[PDB]
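Chains as they are written, first to last, in the entry's author numbering: chain J, 134 to 159, 198 to 549; chain I, 134 to 160, 199 to 554; chain E, 134 to 159, 198 to 556; chain F, 135 to 159, 198 to 549.
Below is one structure, written out as structure tokens; the observations come after it.
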Amino acid sequence: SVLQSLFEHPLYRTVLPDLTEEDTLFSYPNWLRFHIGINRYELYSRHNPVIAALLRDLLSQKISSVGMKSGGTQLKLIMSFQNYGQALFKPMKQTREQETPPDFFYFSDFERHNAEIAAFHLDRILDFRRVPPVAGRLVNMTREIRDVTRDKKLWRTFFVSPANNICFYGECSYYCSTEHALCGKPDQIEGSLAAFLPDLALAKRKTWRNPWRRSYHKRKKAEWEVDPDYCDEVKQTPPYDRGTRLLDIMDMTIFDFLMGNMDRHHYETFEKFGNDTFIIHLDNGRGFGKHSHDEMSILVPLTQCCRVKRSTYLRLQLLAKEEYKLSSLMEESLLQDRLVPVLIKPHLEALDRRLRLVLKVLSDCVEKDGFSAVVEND
Amino acid sequence: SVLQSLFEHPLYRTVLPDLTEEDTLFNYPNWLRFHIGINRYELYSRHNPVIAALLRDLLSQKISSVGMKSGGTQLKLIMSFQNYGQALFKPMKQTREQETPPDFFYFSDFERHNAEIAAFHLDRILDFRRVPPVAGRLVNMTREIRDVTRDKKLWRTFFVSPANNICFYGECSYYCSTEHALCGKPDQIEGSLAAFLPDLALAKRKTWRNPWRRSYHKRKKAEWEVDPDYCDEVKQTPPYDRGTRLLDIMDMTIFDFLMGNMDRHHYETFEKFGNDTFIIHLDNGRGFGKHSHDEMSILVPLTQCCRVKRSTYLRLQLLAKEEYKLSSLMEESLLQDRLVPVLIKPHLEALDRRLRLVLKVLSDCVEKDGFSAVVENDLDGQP
Amino acid sequence: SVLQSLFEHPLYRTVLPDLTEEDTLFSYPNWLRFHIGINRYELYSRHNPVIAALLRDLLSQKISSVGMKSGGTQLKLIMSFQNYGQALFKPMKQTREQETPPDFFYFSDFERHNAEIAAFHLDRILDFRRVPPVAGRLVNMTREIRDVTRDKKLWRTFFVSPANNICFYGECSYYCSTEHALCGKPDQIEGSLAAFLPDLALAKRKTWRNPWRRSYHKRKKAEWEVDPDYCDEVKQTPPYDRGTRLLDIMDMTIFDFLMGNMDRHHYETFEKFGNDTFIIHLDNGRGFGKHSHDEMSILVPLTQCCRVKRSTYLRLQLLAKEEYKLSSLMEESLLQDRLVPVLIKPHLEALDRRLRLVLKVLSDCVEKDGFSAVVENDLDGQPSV
Amino acid sequence: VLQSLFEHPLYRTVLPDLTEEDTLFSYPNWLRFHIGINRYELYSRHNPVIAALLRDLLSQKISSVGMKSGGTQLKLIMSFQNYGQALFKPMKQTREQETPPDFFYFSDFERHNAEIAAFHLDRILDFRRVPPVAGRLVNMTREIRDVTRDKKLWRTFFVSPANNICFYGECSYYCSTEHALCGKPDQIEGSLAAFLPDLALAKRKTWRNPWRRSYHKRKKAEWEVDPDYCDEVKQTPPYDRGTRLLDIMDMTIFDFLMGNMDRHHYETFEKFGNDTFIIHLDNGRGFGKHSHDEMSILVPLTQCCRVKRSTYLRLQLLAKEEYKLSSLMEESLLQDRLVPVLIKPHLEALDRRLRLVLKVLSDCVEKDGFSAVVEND
């Protein structure tokens, strides 16, 4: 049991500063105990047996209502449960063995439920605690989707294919047509139930543009891809020289490079806390599309800025030693999801190879800017 | 050579009646000799070595200008050559190993260049001679598509993929997007050059609805899908009790089942000949999508009508004898294309299995209406 | 904690008759306190903290000697501990994601340690207490297997694989070859320590053939496989029309169906008590091999005999209520083994799905023979509901 | 791309002229293949009989099936309507499977994918040493069980609880119910390798090769400890007279590309003597691992450090982007009934393994020098 060995190490016994009257955002239901547990520094906690218990609620709680987020990126469903808590649903768009084609742009890529799930476990293994909990689930797409929605936009798209299977596609913009439909064999589809952050009415979230946002156009290169001194100016741009913000982007950009998720054009914050809180890692569906390719474009914020947190550097160095190592720690935790295997074996292997490239990018960068200038100590 | 044995058999030495002053559509370049060879009954005949040499033109003639057919279902290009003759180009949309997904409707199916080619050879092996000739060809999509088009809507869609390959998609409705682009590795795409029928200015074509046309939406069943006695009524409807027409649709509906092409919503005629000519077997790109699946819906016109041509029945029985057989007879010719193999071997295996369903559907159907009612005789007075 | 709620419900507060001088089979070691606690009706108690502490001994007691169980289907080792008590060790033969292939017969199936463990917890949740205790354990196959055996036939089979991993295969029949070796990564193998019942010198065991035993051959079907009225006659043959025996087989056959273990060709009793005791549910390793398939062949004893104990019927109905239910109660107690996760999530959900089939087999059977004819009553004098 | 290769001059090379010897000996294809067997090659580049003999193995009616008893794994003998026969290796593993890392080369399965892929890879290297092999889906009731007079094979056919048709034969490794081969529901698929002429009328000397591995664990082989093994082996009888040391270097580069490390023997045709080619048979142990390069197979090349220039220049050619092994390989292998006979990572590993041999030649030709390393043909 290597996953226990990891959490015995002192690097995972870090305690937080004291939480004041602020730093709070606000035996209840599990989704609500998760909400009140959101504070300034994290989104849940390591100890917190609620997170393990919220993952079971997403698996087996009765679906009470199903609705469709209109005008979304791709198909996203909103599941609301018996105990009034809700969750976000991404259905299975690609099989387990498939890889994204090489000729696909980052903006033509599918969202796959494995990434939403695996990003939560990988984030929990990196002790970031920024992703809302997400569990995989098989849904009888008759009993749990079609027959329990009063959203006619979704019900009308249900049909039966010449293979006598039940299919549906919803109504988004990319990939919501009969020719991209989602078909069970014959009536269970599988997808990721992502726990919901508290209602935005009573917990506003500021939406930030990140300075390394790609140019969602072909031929047109982005600012940071042409300017090698791009980050000398970003550490002089408003909010990025006061945190724990420039550093919070370095946590996130190592997260994204590990998964190959090159679609981190924005990040959300909790508003009530200001420029000095954590970054909520949402929309992780674009990772784990390629396991035979390491997308170095994602790391460019790290080679240009050349500074990380010591907390996250030491854990990454640890996650490379053979006695712990990412692959084995992911194959254990991801073994407790219903959708096993949530990641095929080459994807867990890419976690190992991508990790030592991040450690090589820090060592190659620590021998050009030196320690202390590179490694902040928290 | 198995293909040599077939064309020596007497069933492939059948001669046509005499051609009068009509029956010719008309009264050199290779593409033009193909036009004038069109007569009332066939489209080229086995003799006509122009067809073999016209396929060489589609392989190696210099592409001079390329334009995009506006408003097509999927991507379809028009190639015009140095000798003023033109041809139709369908690019590679699907690979050789792929099958259409099982949950796909017939109207969501891709059109693929393999079907355009293989249908021409399959039709020539069945001695129908109704498909315009088609040759496969590798096209340098830089030098032969982008840099030689004056159509801004085709040019605008060319881009370079993150894999440093050249991609493009044009502007249609099905599969004309970046996420369905056509990408060489890095700049050759491959496709089928189908020789062009004579310009419609000097050869009108009447367009007919076929009576077993599907209801092109889900949920809605078609006329024939509920009434097993549908064709008892179709043989009493205007143009279908005079030919050589119900029988000519039986030729076509056996063709389509062999390929699995269930998108035969219309068929064309030459008008200049009237209701008494052959059917041009066009647009076969929806066939040869599945090789582990036999689509019986296509055959329903035969099980309901229960009558075939004797020329075409005996050849079908012949194309099942192991010494002739579709398999070897199809991979023999299809080996004469640049895109070898144009059909993967299980598709040639499926051609055999699909054939024996047609021969059994006639055998099961000939023992309920009997001969004379089922098999019309056109070899009266032939070897 | 959903498992806390279950053991508070009165259906789990069943009391035993008063124990006489018979009904007993007989700071000690925990394995010996387990032996003397074996009585006529059960094999342990609903805590009884000895059992929980006996699993800790199986996990972390120092292995003193290892021997090779001769002539088995597959490899099974005998671990004897510092305190002279021993246990049966079944090593990991299948991974967690694997399922038995569909073309496999029940007699070609592997034994997997995860099933041996999960069967013990599933049985404890059904308040049977008939499986000997079993804990999962990672064993350093150098220091705890190879270097502490005096059986040269087992020591000889240790080699180093081309991958620089430590492997061994032992010497049994049919799956003990180089091509079936068990290889750590690089020297830990993981397996199940099943506690050892008392030595047959001082605790004899009668082994009975069960009448729904399959014909362990292809082509040839068994007696009960052709006659739907098979149990009209089996309740008239000596040992099965006096108990608490037909009722105990329905307990066992509902147990086995839940796991998909169709290899229940024999069952054991403790003899010292006679024809009127419980059935020790031993060697359950063939269950939890398939989670996308429910093998109805196992249930035929229930559709033919059509009678259960009321004790176990009401619990079966309780283990279906969402506030209790097998799934969450099973991964809770399966979370208390070292080998987590000992059961993958689809296997735990099938425990729920198979349960509702058993509850359906009884309702269809209770409305065709009626209550009292189907459900025997052993809850006279037990806590109300 | 496949047409361009045979237009390059390296594949239009002509052989010496055939005497009355150098021959071993419109008919059926299997017999016209036999008479084409000569001293230097096994069929020649042009021979459309080979292409047509490949269609015969796929689609000729199976008339009788027999079991070569007491083999390592299951191998069947199919005898056809035209009195010609073939060897059948059935599907033992899927296309995506890899051999476990902990498997020894002697515990590895033989798979029809390797038998097929080896013939096409061999033909692309212009070796012409493997007998032709085609893949085939066989209705195992009508084409194997119901057409045998072998009581040892008929008795092992059964119906699985999944209502599929199964059988397993009688060999040693993997001929049991737990290793049976089951169709879904009654076709099993396998590779038909054309049969070499009967040993009665074409005797074959069977040779032990000097790099035969130590078919024991812990027990290392001779060449595994002595880096100068081949300074001594080029001084041992038949291996310095040829065209023999070089003929083994052809084979060991062949075998390294496929990962086939089970080349414990090689066979010759006797009637030609110590100065002919090696028949590359039973290649089923290759293409088991595609993410792993087994350098042990290559060891004969670093120890002997000499290749044929004939085969070296082609190796440099198969590295040009226009003559890529990978793309040139999936083109040919696309003409089998069993498409895809190789999953794409196996074709990609062929490219990576190819440039490793080219690097071993560059590293080795600059340590003994040209002319000493490369023989001139």
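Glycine included, every Cβ here is placed at the ideal spot set by N, Cα and C.
Asked, Found
"Under the criterion of a Cβ to heavy atom distance below 7 Å, does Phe299/I qualify as lining the ligand COA?", "This structure lacks the ligand COA, and indeed carries no ligand of any kind."
"I'd like the list of long-range same chain contacts for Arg283/F, defined as Cβ closer than 6 Å, with 5 residues on each side in sequence excluded.", "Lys264, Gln265 and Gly456"
"What do you reckon, are the CB atoms on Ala286/F and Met430/F nearer than 8 Å?", "yes"
"At a Cβ cut of 8 Å, what residues of the segment 331-350 of chain E count as close to chain F, listed as they run along the chain?", "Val331, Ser332, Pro333, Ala334, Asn336, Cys338, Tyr345, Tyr346, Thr349 and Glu350"
"Does the separation of the CB atoms of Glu520/E and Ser498/E fall below 8 Å?", "yes"
"In the structure shown, what three-state DSSP assignment does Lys539/J receive?", "helix"
"Would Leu371/I be called buried (16 or more neighbouring beta carbons within 10 Å of its own) or exposed?", "exposed"
"What residues in the segment 261-287 of chain I have a beta carbon less than 8 Å from any beta carbon of chain F?", "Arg267 and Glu268"
"Under DSSP, the beta strand (DSSP E) around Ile234/J begins and ends at which residues?", "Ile234 to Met239"
"Counting only Cβ pairs nearer than 7 Å, list the residues of chain J close to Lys389/I.", "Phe330"
"Along the chain, where does the alpha helix (DSSP H) containing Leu418/F start, and where does it finish?", "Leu417 to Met430"
"Closer than 8 Å is the cut-off here; do at least three beta carbon pairs connect the segment 330-341 of chain I with the segment 219-234 of chain I?", "no"
"Measuring CB to CB, does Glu342/I end up less than 8 Å from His462/I?", "no"
"Could you check whether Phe444/E and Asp151/E sit closer than 8 Å to each other, using their CB atoms as the reference points?", "no"
"For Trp379/I, write down the residues that DSSP places opposite it in a beta bridge.", "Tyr438/I"
"What are the residues in the segment 486-512 of chain J lying within 7 Å of chain E by C-beta distance?", "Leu506, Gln507, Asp508, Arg509, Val511 and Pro512"
"Would a C-beta distance cut-off of 8 Å place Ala352/I and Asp274/J closer than the cut-off?", "yes"
"What residue range is occupied by the uninterrupted alpha helix (DSSP H) comprising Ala223/F?", "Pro220 to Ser231"
"On the DSSP bridge list, what partners appear for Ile249/F?", "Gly238/F and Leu259/F"
"For a minimum of 4 consecutive residues, which ranges assigned as the alpha helix (DSSP H) are wholly contained in the segment 433-482 of chain I?", "471-476"
"Are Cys347/E and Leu259/E touching if we call contact CB-CB under 8 Å?", "no"
"Contact criterion: CB-CB distance below 8 Å. Does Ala352/J meet it with respect to chain I?", "yes"
"With burial defined as no fewer than 16 other Cβ atoms inside 10 Å of the residue's Cβ, what is the status of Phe542/I: buried or exposed?", "exposed"
"Is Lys323/E close to chain J? Criterion is C-beta to C-beta, closer than 8 Å.", "no"
"Label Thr424/I either buried or exposed according to how many other C-beta atoms from any shown protein chain fall within 10 Å of its C-beta, with 16 as the threshold for buried.", "buried"
"Considering just the uninterrupted stretch of the alpha helix (DSSP H) at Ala289/J, what are its terminal residues?", "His284 to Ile296"
"Please decide whether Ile360/I counts as near chain F, where near means a Cβ-Cβ distance under 8 Å.", "no"
"On the three-state DSSP scale, how would you describe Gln269/F?", "coil"
"Tell me which same chain residues have a C-beta within less than 8 Å of the C-beta of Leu364/F, skipping the five on either side of it?", "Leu229, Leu230, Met250, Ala258, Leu259, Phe260, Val305, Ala306, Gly307 and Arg308"
"Anyone know if the C-beta pair for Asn336/F and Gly355/F falls short of 8 Å?", "yes"
"Suppose you measure from the CA of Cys338/I to the CA of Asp358/I; what does that come to, to the nearest Å?", "8 Å"
"Mind pulling the chain E residues with CB within less than 7 Å of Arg227/J?", "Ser499"
"Comparing the C-beta of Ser231/J with each C-beta of chain E, is any distance below 8 Å?", "yes"
"Whose C-beta lies closer than 7 Å to the C-beta of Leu485/I among residues of the same chain, with five residues either side of it excluded?", "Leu144"
"Report back the beta-carbon spacing between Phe205/F and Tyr212/F to the nearest angstrom; my notes put them in contact at under 8 Å.", "16 Å between Cβ atoms; not a contact."
"Could you tell me the alpha carbon to alpha carbon distance between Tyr495/E and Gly414/E, rounded to whole angstroms?", "30 Å"
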